[PDB]
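Visitor: Coordinates in target.txt, compact mmCIF, C-alpha atoms and all ligand atoms, are listed below.
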```txt
# COMPACT_ATOMS: atom_id res chain seq x y z
CA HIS A 100 -21.71 -10.72 4.05
CA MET A 101 -19.35 -10.04 1.14
CA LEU A 102 -21.92 -11.68 -1.13
CA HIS A 103 -23.78 -8.39 -0.88
CA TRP A 104 -20.97 -5.88 -0.44
CA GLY A 105 -18.40 -7.42 -2.77
CA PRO A 106 -20.17 -6.34 -5.99
CA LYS A 107 -20.50 -2.79 -4.64
CA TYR A 108 -16.81 -2.39 -3.81
CA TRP A 109 -15.88 -3.90 -7.17
CA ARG A 110 -18.06 -1.35 -8.97
CA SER A 111 -16.48 1.41 -6.92
CA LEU A 112 -13.05 0.18 -8.01
CA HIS A 113 -13.87 -0.23 -11.69
CA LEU A 114 -15.63 3.11 -11.96
CA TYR A 115 -12.67 4.83 -10.32
CA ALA A 116 -10.34 3.50 -13.03
CA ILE A 117 -12.94 4.46 -15.62
CA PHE A 118 -13.10 8.06 -14.40
CA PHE A 119 -9.29 8.29 -14.26
CA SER A 120 -7.52 10.70 -16.65
CA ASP A 121 -6.15 9.59 -20.03
CA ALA A 122 -3.28 12.02 -19.58
CA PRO A 123 -2.63 11.75 -15.80
CA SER A 124 -0.13 13.95 -14.00
CA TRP A 125 2.08 12.49 -11.29
CA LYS A 126 -0.23 14.11 -8.74
CA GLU A 127 -3.18 12.12 -10.11
CA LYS A 128 -1.17 8.90 -10.17
CA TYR A 129 -0.20 9.56 -6.56
CA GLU A 130 -3.83 10.16 -5.55
CA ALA A 131 -4.81 7.02 -7.47
CA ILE A 132 -2.44 4.75 -5.57
CA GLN A 133 -3.48 6.33 -2.26
CA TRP A 134 -7.13 5.78 -3.21
CA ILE A 135 -6.33 2.10 -3.80
CA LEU A 136 -4.76 1.67 -0.37
CA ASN A 137 -7.79 3.46 1.11
CA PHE A 138 -10.05 1.19 -0.94
CA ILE A 139 -8.32 -1.86 0.50
CA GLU A 140 -8.60 -0.44 4.02
CA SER A 141 -12.37 -0.13 3.51
CA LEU A 142 -13.02 -3.78 2.64
CA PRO A 143 -14.96 -5.26 5.60
CA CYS A 144 -13.20 -8.59 5.19
CA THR A 145 -9.93 -9.81 6.68
CA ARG A 146 -8.94 -12.41 4.06
CA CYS A 147 -9.88 -10.03 1.24
CA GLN A 148 -7.60 -7.25 2.49
CA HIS A 149 -4.71 -9.66 2.95
CA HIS A 150 -5.03 -11.06 -0.57
CA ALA A 151 -5.55 -7.57 -2.03
CA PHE A 152 -2.25 -6.38 -0.59
CA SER A 153 -0.23 -9.35 -1.80
CA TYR A 154 -1.67 -8.73 -5.26
CA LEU A 155 -0.84 -5.03 -5.22
CA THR A 156 2.78 -5.40 -4.12
CA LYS A 157 3.33 -8.21 -6.62
CA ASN A 158 1.47 -6.41 -9.43
CA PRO A 159 2.25 -2.65 -9.47
CA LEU A 160 -0.47 -0.27 -10.62
CA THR A 161 -0.47 0.59 -14.34
CA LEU A 162 -1.65 4.22 -14.51
CA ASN A 163 -0.40 5.62 -17.84
CA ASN A 164 -4.04 6.24 -18.75
CA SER A 165 -7.59 5.20 -17.94
CA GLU A 166 -7.86 1.88 -19.79
CA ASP A 167 -4.41 0.93 -18.50
CA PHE A 168 -5.86 1.38 -15.02
CA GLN A 169 -9.10 -0.35 -16.04
CA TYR A 170 -7.14 -3.34 -17.30
CA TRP A 171 -5.30 -3.52 -13.98
CA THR A 172 -8.57 -3.66 -12.02
CA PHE A 173 -9.97 -6.15 -14.56
CA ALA A 174 -6.99 -8.49 -14.04
CA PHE A 175 -7.14 -8.11 -10.26
CA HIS A 176 -10.87 -8.88 -10.27
CA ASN A 177 -10.31 -11.95 -12.47
CA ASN A 178 -7.51 -13.13 -10.16
CA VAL A 179 -9.99 -13.14 -7.30
CA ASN A 180 -12.58 -14.79 -9.55
CA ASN A 181 -10.04 -17.50 -10.35
CA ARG A 182 -9.27 -18.05 -6.66
CA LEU A 183 -12.97 -18.29 -5.75
CA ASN A 184 -13.52 -20.55 -8.75
CA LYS A 185 -15.85 -18.00 -10.34
CA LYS A 186 -16.08 -17.26 -14.06
CA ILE A 187 -13.00 -15.57 -15.51
CA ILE A 188 -14.50 -13.04 -17.92
CA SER A 189 -13.03 -11.93 -21.20
CA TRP A 190 -11.93 -8.38 -21.96
CA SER A 191 -14.77 -8.06 -24.46
CA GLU A 192 -17.29 -9.06 -21.77
CA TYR A 193 -15.74 -6.53 -19.40
CA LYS A 194 -16.30 -3.78 -21.95
CA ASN A 195 -19.92 -4.81 -22.53
CA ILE A 196 -20.60 -4.78 -18.78
CA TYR A 197 -19.16 -1.26 -18.36
CA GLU A 198 -19.94 0.00 -21.87
CA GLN A 199 -22.27 2.77 -20.69
CA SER A 200 -19.75 4.07 -18.14
CA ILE A 201 -16.67 3.86 -20.38
CA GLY B 98 12.91 -19.16 12.10
CA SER B 99 12.52 -15.52 11.11
CA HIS B 100 15.37 -14.58 13.48
CA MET B 101 14.07 -11.00 13.71
CA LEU B 102 16.38 -10.00 16.59
CA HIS B 103 19.09 -10.01 13.92
CA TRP B 104 17.21 -9.03 10.75
CA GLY B 105 14.79 -6.60 12.38
CA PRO B 106 17.33 -3.78 12.99
CA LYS B 107 18.59 -4.03 9.40
CA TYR B 108 15.10 -3.38 8.03
CA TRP B 109 14.35 -0.51 10.41
CA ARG B 110 17.64 1.13 9.39
CA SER B 111 16.74 0.81 5.69
CA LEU B 112 13.34 2.37 6.38
CA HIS B 113 14.54 5.33 8.44
CA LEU B 114 17.40 6.16 6.07
CA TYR B 115 15.05 6.10 3.08
CA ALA B 116 12.90 8.74 4.78
CA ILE B 117 16.00 10.65 5.81
CA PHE B 118 17.29 10.85 2.23
CA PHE B 119 13.85 11.70 0.86
CA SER B 120 13.75 15.24 -0.60
CA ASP B 121 12.68 18.34 1.36
CA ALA B 122 10.76 19.53 -1.70
CA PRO B 123 9.69 16.20 -3.25
CA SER B 124 7.93 16.14 -6.60
CA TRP B 125 4.69 14.20 -6.95
CA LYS B 126 6.73 11.56 -8.78
CA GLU B 127 9.05 11.06 -5.81
CA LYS B 128 6.05 10.83 -3.49
CA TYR B 129 4.60 8.13 -5.76
CA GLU B 130 7.90 6.25 -5.78
CA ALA B 131 8.07 6.56 -1.99
CA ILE B 132 4.72 4.74 -1.67
CA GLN B 133 5.81 1.96 -4.03
CA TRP B 134 9.06 1.67 -2.09
CA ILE B 135 7.17 1.29 1.19
CA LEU B 136 4.99 -1.42 -0.37
CA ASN B 137 8.11 -3.24 -1.61
CA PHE B 138 9.73 -2.77 1.80
CA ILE B 139 6.81 -4.50 3.53
CA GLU B 140 6.82 -7.33 0.99
CA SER B 141 10.52 -7.95 1.70
CA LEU B 142 9.95 -8.50 5.44
CA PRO B 143 11.00 -12.09 6.39
CA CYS B 144 7.82 -12.84 8.39
CA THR B 145 4.18 -13.17 7.36
CA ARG B 146 2.88 -11.75 10.62
CA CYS B 147 5.24 -8.78 10.26
CA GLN B 148 3.91 -8.05 6.78
CA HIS B 149 0.27 -8.14 7.87
CA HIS B 150 0.84 -5.81 10.82
CA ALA B 151 2.79 -3.37 8.65
CA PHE B 152 0.13 -3.54 5.94
CA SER B 153 -2.61 -2.95 8.48
CA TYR B 154 -0.69 0.00 9.91
CA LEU B 155 -0.09 1.57 6.50
CA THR B 156 -3.75 1.56 5.41
CA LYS B 157 -4.84 3.08 8.72
CA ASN B 158 -2.01 5.62 8.76
CA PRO B 159 -1.48 7.17 5.30
CA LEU B 160 2.10 8.11 4.48
CA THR B 161 2.95 11.73 5.23
CA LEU B 162 5.24 12.74 2.37
CA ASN B 163 5.29 16.55 2.23
CA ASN B 164 8.99 16.47 3.05
CA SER B 165 11.76 14.46 4.69
CA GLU B 166 10.98 15.36 8.30
CA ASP B 167 7.32 14.38 7.85
CA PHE B 168 8.27 11.05 6.26
CA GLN B 169 10.87 10.50 9.01
CA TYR B 170 8.21 11.03 11.66
CA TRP B 171 5.90 8.58 9.91
CA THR B 172 8.59 5.87 10.08
CA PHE B 173 9.42 6.86 13.68
CA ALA B 174 5.79 6.51 14.80
CA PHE B 175 5.39 3.24 12.91
CA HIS B 176 8.54 1.93 14.55
CA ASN B 177 7.23 2.90 18.01
CA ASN B 178 3.92 1.18 17.24
CA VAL B 179 5.80 -2.07 16.71
CA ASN B 180 7.88 -1.37 19.83
CA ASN B 181 4.63 -1.06 21.76
CA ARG B 182 3.17 -4.25 20.28
CA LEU B 183 6.31 -6.09 21.46
CA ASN B 184 6.24 -4.30 24.80
CA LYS B 185 9.60 -2.66 24.00
CA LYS B 186 10.71 0.87 24.89
CA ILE B 187 8.98 3.77 23.14
CA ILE B 188 11.75 6.29 22.40
CA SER B 189 11.21 10.04 22.18
CA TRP B 190 11.41 12.12 19.01
CA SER B 191 14.54 13.85 20.31
CA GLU B 192 16.17 10.48 21.00
CA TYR B 193 15.37 9.46 17.44
CA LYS B 194 17.07 12.64 16.23
CA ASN B 195 20.16 11.92 18.32
CA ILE B 196 20.28 8.35 17.03
CA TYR B 197 20.15 9.37 13.35
CA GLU B 198 21.75 12.82 13.67
CA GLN B 199 24.88 11.99 11.66
CA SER B 200 22.75 11.27 8.57
CA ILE B 201 20.20 14.05 9.00
CA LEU B 202 22.23 16.62 7.04
CA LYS B 203 18.90 18.30 6.32
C1 LIG C 1 -11.00 -6.06 -3.63
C2 LIG C 1 -11.99 -7.16 -3.24
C3 LIG C 1 -11.37 -8.37 -2.82
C4 LIG C 1 -12.21 -9.46 -2.50
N1 LIG C 1 -11.62 -10.66 -2.05
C5 LIG C 1 -12.31 -11.84 -1.64
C6 LIG C 1 -11.69 -12.94 -1.07
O1 LIG C 1 -10.42 -13.03 -1.00
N2 LIG C 1 -12.47 -14.02 -0.59
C7 LIG C 1 -13.85 -14.07 -0.64
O2 LIG C 1 -14.72 -14.86 -0.24
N3 LIG C 1 -14.40 -12.96 -1.24
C8 LIG C 1 -13.74 -11.86 -1.73
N4 LIG C 1 -14.28 -10.72 -2.26
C9 LIG C 1 -15.59 -10.95 -2.75
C10 LIG C 1 -15.92 -11.46 -4.12
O3 LIG C 1 -14.84 -11.12 -5.02
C11 LIG C 1 -17.31 -11.21 -4.62
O4 LIG C 1 -17.51 -9.81 -4.81
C12 LIG C 1 -18.48 -11.99 -4.02
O5 LIG C 1 -18.19 -13.32 -3.48
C13 LIG C 1 -19.79 -12.05 -4.68
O6 LIG C 1 -19.60 -12.71 -5.94
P1 LIG C 1 -20.27 -12.30 -7.29
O7 LIG C 1 -20.58 -13.59 -7.91
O8 LIG C 1 -21.44 -11.40 -7.17
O9 LIG C 1 -19.31 -11.42 -8.25
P2 LIG C 1 -18.35 -10.17 -8.19
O10 LIG C 1 -18.97 -9.56 -6.98
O11 LIG C 1 -17.15 -11.04 -8.36
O12 LIG C 1 -19.29 -9.75 -9.35
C14 LIG C 1 -19.21 -8.38 -9.75
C15 LIG C 1 -20.03 -8.38 -11.02
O13 LIG C 1 -18.96 -7.71 -11.73
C16 LIG C 1 -18.69 -8.35 -12.98
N5 LIG C 1 -17.38 -8.89 -13.06
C17 LIG C 1 -16.86 -10.20 -12.90
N6 LIG C 1 -15.59 -10.41 -13.10
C18 LIG C 1 -15.15 -9.12 -13.44
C19 LIG C 1 -13.94 -8.52 -13.85
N7 LIG C 1 -12.84 -9.28 -13.96
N8 LIG C 1 -13.81 -7.16 -14.12
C20 LIG C 1 -14.87 -6.32 -14.04
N9 LIG C 1 -16.10 -6.88 -13.65
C21 LIG C 1 -16.16 -8.28 -13.40
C22 LIG C 1 -20.00 -9.10 -13.32
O14 LIG C 1 -20.95 -8.25 -13.89
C23 LIG C 1 -20.39 -9.54 -11.98
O15 LIG C 1 -21.78 -9.78 -11.70
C24 LIG C 1 -13.69 -9.40 -2.59
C25 LIG C 1 -14.21 -8.15 -3.00
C26 LIG C 1 -13.41 -7.04 -3.32
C27 LIG C 1 -14.28 -5.91 -3.81
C1 LIG C 2 8.00 -3.41 9.61
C2 LIG C 2 8.67 -4.29 10.66
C3 LIG C 2 7.74 -5.10 11.36
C4 LIG C 2 8.26 -5.95 12.36
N1 LIG C 2 7.35 -6.79 13.04
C5 LIG C 2 7.70 -7.75 14.05
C6 LIG C 2 6.77 -8.60 14.61
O1 LIG C 2 5.55 -8.64 14.25
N2 LIG C 2 7.19 -9.54 15.59
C7 LIG C 2 8.48 -9.64 16.07
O2 LIG C 2 8.88 -10.51 16.85
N3 LIG C 2 9.35 -8.75 15.47
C8 LIG C 2 9.06 -7.85 14.46
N4 LIG C 2 9.93 -6.99 13.82
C9 LIG C 2 11.19 -6.86 14.47
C10 LIG C 2 11.41 -5.93 15.63
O3 LIG C 2 10.74 -4.66 15.39
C11 LIG C 2 12.82 -5.64 16.06
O4 LIG C 2 13.58 -5.21 14.93
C12 LIG C 2 13.55 -6.70 16.87
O5 LIG C 2 12.75 -7.36 17.90
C13 LIG C 2 14.86 -6.35 17.45
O6 LIG C 2 14.74 -5.31 18.44
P1 LIG C 2 15.85 -4.28 18.82
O7 LIG C 2 15.73 -4.29 20.28
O8 LIG C 2 17.18 -4.57 18.23
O9 LIG C 2 15.49 -2.86 18.17
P2 LIG C 2 14.79 -2.42 16.81
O10 LIG C 2 13.37 -2.09 17.14
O11 LIG C 2 15.36 -3.48 15.92
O12 LIG C 2 15.86 -1.28 16.74
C14 LIG C 2 16.46 -0.48 15.73
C15 LIG C 2 17.12 0.49 16.70
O13 LIG C 2 16.55 1.75 16.25
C16 LIG C 2 16.38 2.63 17.37
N5 LIG C 2 14.98 2.81 17.53
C17 LIG C 2 14.01 2.31 18.46
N6 LIG C 2 12.79 2.75 18.41
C18 LIG C 2 12.83 3.59 17.30
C19 LIG C 2 11.97 4.47 16.61
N7 LIG C 2 10.69 4.61 16.99
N8 LIG C 2 12.38 5.15 15.48
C20 LIG C 2 13.63 5.07 14.94
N9 LIG C 2 14.51 4.24 15.64
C21 LIG C 2 14.05 3.56 16.81
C22 LIG C 2 17.37 2.18 18.46
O14 LIG C 2 18.64 2.61 18.07
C23 LIG C 2 17.32 0.73 18.22
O15 LIG C 2 18.25 -0.13 18.87
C24 LIG C 2 9.70 -6.04 12.70
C25 LIG C 2 10.52 -5.24 11.87
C26 LIG C 2 10.08 -4.36 10.86
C27 LIG C 2 11.22 -3.62 10.19
```
Just give me the structure as structure tokens.

Guide:
Amino acid sequence: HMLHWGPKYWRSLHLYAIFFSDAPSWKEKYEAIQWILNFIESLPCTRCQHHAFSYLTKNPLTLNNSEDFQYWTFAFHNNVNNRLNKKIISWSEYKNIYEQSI
Amino acid sequence: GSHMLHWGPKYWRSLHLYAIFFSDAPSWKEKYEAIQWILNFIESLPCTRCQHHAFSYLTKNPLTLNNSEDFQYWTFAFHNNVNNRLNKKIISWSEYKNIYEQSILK
């Protein structure tokens, strides 16, 4: 199930951070954190939503600018990778993967 | 044991008073801080099951932070949702106002 949908929700998350302002106002930061909660609510997976929340409360969003936000999603994604014993990618590989979007 | 019959009231009081002292003309910054505070409030709950229910409720019921009364109602409704899940009494809005009247200096 999530084998198919996981990659799509991840792309939705990473692109969101990518299209986030580099000079955000508090209104944008507020809409960003609400978007994240909404993103978590969308995940069609019980265990995923539970882990996602524990991560979020323990690791506050970093929204001073776009790449700050990107980094945050990158670390979150790698934390899940680590838990599922998947490859933990480097920052340079992250940038290559999303180079066209960035 | 979680001993929620003792700790439960303490947490509800912290939640309702936070909404009560929230500004009537909050800035976007205060709204942002309110959301982080709610997330930290849920994390502090002394029971796993309590955290999951609260988390589930939050994502399905976005915080209403236009002003203090709106935030107060959000906490009030959330509190009644837990009352219902525990088959406890569902108090009325006016009863809520009587209960916290001495702090609602609006
Ligand atoms: C928020 C969220 C939480 C999830 N939680 C769980 C869970 O707890 N348990 C469970 O079984 N499944 C979970 N999933 C699913 C899981 O993370 C995968 O999406 C899935 O199992 C399919 O694996 P995958 O190999 O295609 O890679 P991903 O779906 O992990 O792969 C996405 C693709 O993104 C890239 N990528 C890899 N690492 C990163 C990174 N750090 N930053 C940016 N891009 C990266 C690569 O190009 C890769 O092919 C979750 C999905 C989301 C979106
Ligand atoms: C987020 C959260 C989740 C919880 N989840 C669980 C759980 O999953 N399982 C479990 O066993 N316990 C749980 N508890 C505990 C539980 O809600 C009670 O606190 C507890 O059972 C004690 O009940 P009580 O009768 O003293 O009244 P509480 O519900 O503790 O009462 C606080 C008091 O506030 C008033 N009040 C009642 N309803 C409302 C309202 N809607 N708005 C404002 N005030 C009201 C009355 O003065 C009342 O005596 C949770 C607590 C919190 C804070």

Visitor: Quick one: everything within 9 Å of residue 117 of chain A, counting only C-alpha atoms, minus sequence neighbours fewer than 3 positions away in the same chain. Send it as a PyMOL selection string.

Guide: chain A and resi 112-114+120+165-166+168-169+197+200-201

Visitor: Select residues of chain A: the criterion is any atom within 12 Å of an atom of chain B, counting only C-alpha atoms; output as a PyMOL selection string.

Guide: chain A and resi 123-142+145-146+148-160+162

Visitor: Write the residues of the selection above to a file with C-alpha atoms, as a PDB file, in the frame of the given file.

Guide:
```pdb
ATOM      1  CA  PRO A 123      -2.630  11.750 -15.800  1.00  0.00           C
ATOM      2  CA  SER A 124      -0.130  13.950 -14.000  1.00  0.00           C
ATOM      3  CA  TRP A 125       2.080  12.490 -11.290  1.00  0.00           C
ATOM      4  CA  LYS A 126      -0.230  14.110  -8.740  1.00  0.00           C
ATOM      5  CA  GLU A 127      -3.180  12.120 -10.110  1.00  0.00           C
ATOM      6  CA  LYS A 128      -1.170   8.900 -10.170  1.00  0.00           C
ATOM      7  CA  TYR A 129      -0.200   9.560  -6.560  1.00  0.00           C
ATOM      8  CA  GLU A 130      -3.830  10.160  -5.550  1.00  0.00           C
ATOM      9  CA  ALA A 131      -4.810   7.020  -7.470  1.00  0.00           C
ATOM     10  CA  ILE A 132      -2.440   4.750  -5.570  1.00  0.00           C
ATOM     11  CA  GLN A 133      -3.480   6.330  -2.260  1.00  0.00           C
ATOM     12  CA  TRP A 134      -7.130   5.780  -3.210  1.00  0.00           C
ATOM     13  CA  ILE A 135      -6.330   2.100  -3.800  1.00  0.00           C
ATOM     14  CA  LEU A 136      -4.760   1.670  -0.370  1.00  0.00           C
ATOM     15  CA  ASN A 137      -7.790   3.460   1.110  1.00  0.00           C
ATOM     16  CA  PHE A 138     -10.050   1.190  -0.940  1.00  0.00           C
ATOM     17  CA  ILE A 139      -8.320  -1.860   0.500  1.00  0.00           C
ATOM     18  CA  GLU A 140      -8.600  -0.440   4.020  1.00  0.00           C
ATOM     19  CA  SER A 141     -12.370  -0.130   3.510  1.00  0.00           C
ATOM     20  CA  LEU A 142     -13.020  -3.780   2.640  1.00  0.00           C
ATOM     21  CA  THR A 145      -9.930  -9.810   6.680  1.00  0.00           C
ATOM     22  CA  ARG A 146      -8.940 -12.410   4.060  1.00  0.00           C
ATOM     23  CA  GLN A 148      -7.600  -7.250   2.490  1.00  0.00           C
ATOM     24  CA  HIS A 149      -4.710  -9.660   2.950  1.00  0.00           C
ATOM     25  CA  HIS A 150      -5.030 -11.060  -0.570  1.00  0.00           C
ATOM     26  CA  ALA A 151      -5.550  -7.570  -2.030  1.00  0.00           C
ATOM     27  CA  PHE A 152      -2.250  -6.380  -0.590  1.00  0.00           C
ATOM     28  CA  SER A 153      -0.230  -9.350  -1.800  1.00  0.00           C
ATOM     29  CA  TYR A 154      -1.670  -8.730  -5.260  1.00  0.00           C
ATOM     30  CA  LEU A 155      -0.840  -5.030  -5.220  1.00  0.00           C
ATOM     31  CA  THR A 156       2.780  -5.400  -4.120  1.00  0.00           C
ATOM     32  CA  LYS A 157       3.330  -8.210  -6.620  1.00  0.00           C
ATOM     33  CA  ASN A 158       1.470  -6.410  -9.430  1.00  0.00           C
ATOM     34  CA  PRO A 159       2.250  -2.650  -9.470  1.00  0.00           C
ATOM     35  CA  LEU A 160      -0.470  -0.270 -10.620  1.00  0.00           C
ATOM     36  CA  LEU A 162      -1.650   4.220 -14.510  1.00  0.00           C
TER      37      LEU A 162
END
```

Visitor: Could you jot down the atom CA of residue 171 of chain A to atom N8 of ligand LIG 1 (chain C) separation for me, Å, one decimal place?

Guide: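 Computing the Euclidean distance for atom CA of residue 171 of chain A and atom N8 of ligand LIG 1 (chain C) yields 9.3 Å.
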
Visitor: List all protein, DNA and RNA residues that have any atom at most 7 Å from ligand LIG 2 (chain C), counting all atoms listed in the file, and write the list as a PyMOL selection string.

Guide: chain B and resi 101-106+108-110+113+139+142+146-148+150-151+172-177+179-180+183+187-188+193+196

Visitor: Which chains and residue numbers are within 9 Å of ligand LIG 1 (chain C), counting only C-alpha atoms and all ligand atoms, if I want them as a PyMOL selection string?

Guide: chain A and resi 100-113+138-139+142+144-151+169-170+172-180+182-183+185-190+192-194+196-197

Visitor: Could you write out the selected residues, including C-alpha atoms, as a PDB file, in the coordinates of the input?

Guide:
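File selection_31.pdb, as written:
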```pdb
ATOM      1  CA  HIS A 100     -21.710 -10.720   4.050  1.00  0.00           C
ATOM      2  CA  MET A 101     -19.350 -10.040   1.140  1.00  0.00           C
ATOM      3  CA  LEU A 102     -21.920 -11.680  -1.130  1.00  0.00           C
ATOM      4  CA  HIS A 103     -23.780  -8.390  -0.880  1.00  0.00           C
ATOM      5  CA  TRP A 104     -20.970  -5.880  -0.440  1.00  0.00           C
ATOM      6  CA  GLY A 105     -18.400  -7.420  -2.770  1.00  0.00           C
ATOM      7  CA  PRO A 106     -20.170  -6.340  -5.990  1.00  0.00           C
ATOM      8  CA  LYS A 107     -20.500  -2.790  -4.640  1.00  0.00           C
ATOM      9  CA  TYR A 108     -16.810  -2.390  -3.810  1.00  0.00           C
ATOM     10  CA  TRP A 109     -15.880  -3.900  -7.170  1.00  0.00           C
ATOM     11  CA  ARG A 110     -18.060  -1.350  -8.970  1.00  0.00           C
ATOM     12  CA  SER A 111     -16.480   1.410  -6.920  1.00  0.00           C
ATOM     13  CA  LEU A 112     -13.050   0.180  -8.010  1.00  0.00           C
ATOM     14  CA  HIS A 113     -13.870  -0.230 -11.690  1.00  0.00           C
ATOM     15  CA  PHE A 138     -10.050   1.190  -0.940  1.00  0.00           C
ATOM     16  CA  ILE A 139      -8.320  -1.860   0.500  1.00  0.00           C
ATOM     17  CA  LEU A 142     -13.020  -3.780   2.640  1.00  0.00           C
ATOM     18  CA  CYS A 144     -13.200  -8.590   5.190  1.00  0.00           C
ATOM     19  CA  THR A 145      -9.930  -9.810   6.680  1.00  0.00           C
ATOM     20  CA  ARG A 146      -8.940 -12.410   4.060  1.00  0.00           C
ATOM     21  CA  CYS A 147      -9.880 -10.030   1.240  1.00  0.00           C
ATOM     22  CA  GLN A 148      -7.600  -7.250   2.490  1.00  0.00           C
ATOM     23  CA  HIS A 149      -4.710  -9.660   2.950  1.00  0.00           C
ATOM     24  CA  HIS A 150      -5.030 -11.060  -0.570  1.00  0.00           C
ATOM     25  CA  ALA A 151      -5.550  -7.570  -2.030  1.00  0.00           C
ATOM     26  CA  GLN A 169      -9.100  -0.350 -16.040  1.00  0.00           C
ATOM     27  CA  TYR A 170      -7.140  -3.340 -17.300  1.00  0.00           C
ATOM     28  CA  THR A 172      -8.570  -3.660 -12.020  1.00  0.00           C
ATOM     29  CA  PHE A 173      -9.970  -6.150 -14.560  1.00  0.00           C
ATOM     30  CA  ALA A 174      -6.990  -8.490 -14.040  1.00  0.00           C
ATOM     31  CA  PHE A 175      -7.140  -8.110 -10.260  1.00  0.00           C
ATOM     32  CA  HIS A 176     -10.870  -8.880 -10.270  1.00  0.00           C
ATOM     33  CA  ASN A 177     -10.310 -11.950 -12.470  1.00  0.00           C
ATOM     34  CA  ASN A 178      -7.510 -13.130 -10.160  1.00  0.00           C
ATOM     35  CA  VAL A 179      -9.990 -13.140  -7.300  1.00  0.00           C
ATOM     36  CA  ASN A 180     -12.580 -14.790  -9.550  1.00  0.00           C
ATOM     37  CA  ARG A 182      -9.270 -18.050  -6.660  1.00  0.00           C
ATOM     38  CA  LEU A 183     -12.970 -18.290  -5.750  1.00  0.00           C
ATOM     39  CA  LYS A 185     -15.850 -18.000 -10.340  1.00  0.00           C
ATOM     40  CA  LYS A 186     -16.080 -17.260 -14.060  1.00  0.00           C
ATOM     41  CA  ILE A 187     -13.000 -15.570 -15.510  1.00  0.00           C
ATOM     42  CA  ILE A 188     -14.500 -13.040 -17.920  1.00  0.00           C
ATOM     43  CA  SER A 189     -13.030 -11.930 -21.200  1.00  0.00           C
ATOM     44  CA  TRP A 190     -11.930  -8.380 -21.960  1.00  0.00           C
ATOM     45  CA  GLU A 192     -17.290  -9.060 -21.770  1.00  0.00           C
ATOM     46  CA  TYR A 193     -15.740  -6.530 -19.400  1.00  0.00           C
ATOM     47  CA  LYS A 194     -16.300  -3.780 -21.950  1.00  0.00           C
ATOM     48  CA  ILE A 196     -20.600  -4.780 -18.780  1.00  0.00           C
ATOM     49  CA  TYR A 197     -19.160  -1.260 -18.360  1.00  0.00           C
TER      50      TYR A 197
END
```

Visitor: Should you be able to, write segment 167-176 of chain A of this structure into a file that contains N, CA, C and O atoms, as a CSV table (one decimal), in the first residue's frame.

Guide:
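Resulting contents of decode_11.csv:
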```
chain,number,residue,atom,x,y,z
A,167,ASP,N,16.1,25.8,4.9
A,167,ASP,CA,16.0,25.5,6.3
A,167,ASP,C,14.9,24.4,6.4
A,167,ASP,O,15.0,23.4,7.1
A,168,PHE,N,13.8,24.7,5.7
A,168,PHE,CA,12.6,23.9,5.7
A,168,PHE,C,12.9,22.6,5.0
A,168,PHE,O,12.5,21.5,5.4
A,169,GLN,N,13.6,22.7,3.8
A,169,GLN,CA,14.0,21.6,3.1
A,169,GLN,C,14.8,20.6,3.9
A,169,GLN,O,14.6,19.4,3.9
A,170,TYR,N,15.8,21.2,4.6
A,170,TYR,CA,16.7,20.4,5.5
A,170,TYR,C,15.8,19.6,6.5
A,170,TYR,O,16.0,18.4,6.6
A,171,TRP,N,14.9,20.3,7.1
A,171,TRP,CA,14.0,19.6,8.1
A,171,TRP,C,13.3,18.4,7.5
A,171,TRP,O,13.2,17.4,8.1
A,172,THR,N,12.7,18.6,6.2
A,172,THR,CA,12.0,17.4,5.6
A,172,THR,C,13.0,16.3,5.2
A,172,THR,O,12.7,15.2,5.3
A,173,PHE,N,14.2,16.8,4.9
A,173,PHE,CA,15.3,15.8,4.5
A,173,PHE,C,15.7,15.0,5.7
A,173,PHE,O,15.8,13.7,5.6
A,174,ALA,N,15.8,15.6,6.9
A,174,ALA,CA,16.2,14.9,8.1
A,174,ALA,C,15.0,14.0,8.5
A,174,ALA,O,15.3,12.8,8.9
A,175,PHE,N,13.8,14.4,8.4
A,175,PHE,CA,12.7,13.6,8.8
A,175,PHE,C,12.6,12.4,7.9
A,175,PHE,O,12.5,11.3,8.4
A,176,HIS,N,12.7,12.6,6.6
A,176,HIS,CA,12.7,11.5,5.6
A,176,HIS,C,13.8,10.5,5.9
A,176,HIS,O,13.6,9.3,5.9
```
